[PDB]
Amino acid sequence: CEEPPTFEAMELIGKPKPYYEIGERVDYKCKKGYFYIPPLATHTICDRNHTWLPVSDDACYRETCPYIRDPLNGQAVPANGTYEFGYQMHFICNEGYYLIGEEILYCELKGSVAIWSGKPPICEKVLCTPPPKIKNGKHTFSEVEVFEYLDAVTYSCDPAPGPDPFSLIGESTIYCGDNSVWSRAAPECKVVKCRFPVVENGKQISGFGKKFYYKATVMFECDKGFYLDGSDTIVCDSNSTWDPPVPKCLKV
């Protein structure tokens, strides 16, 4: 009667024979992670026409793990779709919350009972230490010891240490991020003063003054019969240098 039919839900009991006689009976059982529901048959007998009688694995139903309730300020996402045997459960915490426990739980089978790998995780509130102390500058909420999610602090430089004031380089306001770390790096309070820009055979058109500090914009225009070599617009950088460098008007 040839090899017995193969099924996805049920497996054959014992080794299969290459040939079977008329009247021979073969039995099937639900696989690991499957259970039987009556009345559908799980066995077949070879008929007089040397063929197996109709049989289906419709009686075997999938074993499922218990329903995981979404963790407080987080979520339980079934990566494979359902709670079925051999599947996994992923955990992601909400904005401003960090995971404590197992990020991944696997649906296991221990003594024909479907049970998860362990206890679900907890999503704890995100808290961060005070922001970094900067030289020649101070931030808001200086006496606050513990900072929670989205708590922002604004930095400001100390008063002028003479004729030139302290320049603030970078973002002044920084907040507590999702990974318990401050959103951006702490700014710098440095005395930034650029040299007087003078172009030969060229005249200054914008940004007039005797002193040039951080982010100072100056524009230049060449005289009659002279072409500009570089950029007309120049900005003073954090390291007291003109970026792009001071242009030059060359003769045609």
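A residue's number is simply how far along the shown sequence it sits, counting from 1.
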>> Comparing average C-alpha B factors as deposited, tell me which of 187-195 and 29-37 sits higher.
In response: 187-195
>> Averaging CA B factors per stretch from the PDB record, which one is higher: 115-123 or 177-185?
In response: 177-185
> In terms of the chain's CA B-factor thirds, is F220 lowest, middle or highest?
Replying inline: highest
> So where's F226 on the chain's Cα temperature factor ranking, which third?
Replying inline: highest
> Lowest, middle or highest third: where is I205 by C-alpha B factor in its chain?
Replying inline: middle
> C-alpha B factor of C93, ranked within the chain: lowest, middle or highest third?
Replying inline: lowest
> With respect to C-alpha B-factor, does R48 fall in the lowest, middle or highest third of the chain as deposited?
Replying inline: highest
